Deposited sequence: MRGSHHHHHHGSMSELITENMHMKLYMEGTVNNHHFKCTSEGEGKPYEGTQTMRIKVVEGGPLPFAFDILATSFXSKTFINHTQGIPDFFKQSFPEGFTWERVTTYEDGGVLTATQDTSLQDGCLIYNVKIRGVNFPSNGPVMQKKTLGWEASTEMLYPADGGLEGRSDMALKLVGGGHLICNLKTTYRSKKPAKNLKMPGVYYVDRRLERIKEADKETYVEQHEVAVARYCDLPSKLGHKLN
């Protein structure tokens, strides 16, 4: 009866194109969904080595592995067995735009992700296309219910060679494949996360990536 257990395995398939460079990746990983932790081992299977920074793909590689505290209704875990989808636009402040759409299903006890990526207008001499990035700062997503699904918003900061940062803003739409009558919706809430590259090999043809994510309400005193 409980479909999301203490330990879960994932398989992912990704395809897309950034500034007209086509690529595919696959990954395998494991996580602890109630701890909010996960690791993936990713391989670039076509179009490698990537002539752009792997960091721009990092958020496209898993919302079942968020630790929902304070009894926050969990839209993602509640969605099984049917699963859920997400669609996102990421807008870089230097004009790069990356759109991604994802399906999450559960098949034979394994989480299955299918991701499609389209990135356009990354500046040809910018840090993404010149591979001058160094991973992501920790970030906070705000989630709120809208039209029977959830919307998500975050700003994220990309570390740069030299010590600067390039900021991007994410708008995400989350939709459940389970009927609305069988789901308990959350109110507005927040997810804090770290997204970390653990190691890479051969010009990021092999990447190991890790996330920790925890969901919470705003715990500051209200006067309302």
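Positions of the deposited sequence absent from the coordinates, in order: 1-13, 75, 239-243.
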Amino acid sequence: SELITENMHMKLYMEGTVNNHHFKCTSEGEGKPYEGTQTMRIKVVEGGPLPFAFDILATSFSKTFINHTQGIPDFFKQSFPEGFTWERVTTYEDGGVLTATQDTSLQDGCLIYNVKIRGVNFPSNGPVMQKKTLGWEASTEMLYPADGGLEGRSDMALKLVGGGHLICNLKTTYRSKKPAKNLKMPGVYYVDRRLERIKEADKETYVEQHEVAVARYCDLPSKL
From here on, numbers count along this sequence of modelled residues.
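Remark: stretch with higher mean C-alpha B factor among 177-185 and 152-160 is 177-185. As listed in the deposited structure, the average C-alpha B-factor of 37-45 and of 165-173 is greater for 37-45. In the PDB entry, the Cα temperature factor peaks, among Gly95, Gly109, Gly119, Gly135, at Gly109.
Ranked by C-alpha B-factor against the other modelled residues of its chain, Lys32 falls in the middle third. Residue-level temperature factors show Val89 in the lowest third of its chain, judged at the C-alpha atom. Among the modelled residues of its chain, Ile72 has a C-alpha B-factor that falls in the highest third, as given in the PDB entry.
Among the modelled residues of its chain, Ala146 has a C-alpha B-factor that falls in the highest third, as given in the PDB entry. The deposited CA B-factor of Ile198 belongs to the highest third of values across its chain.
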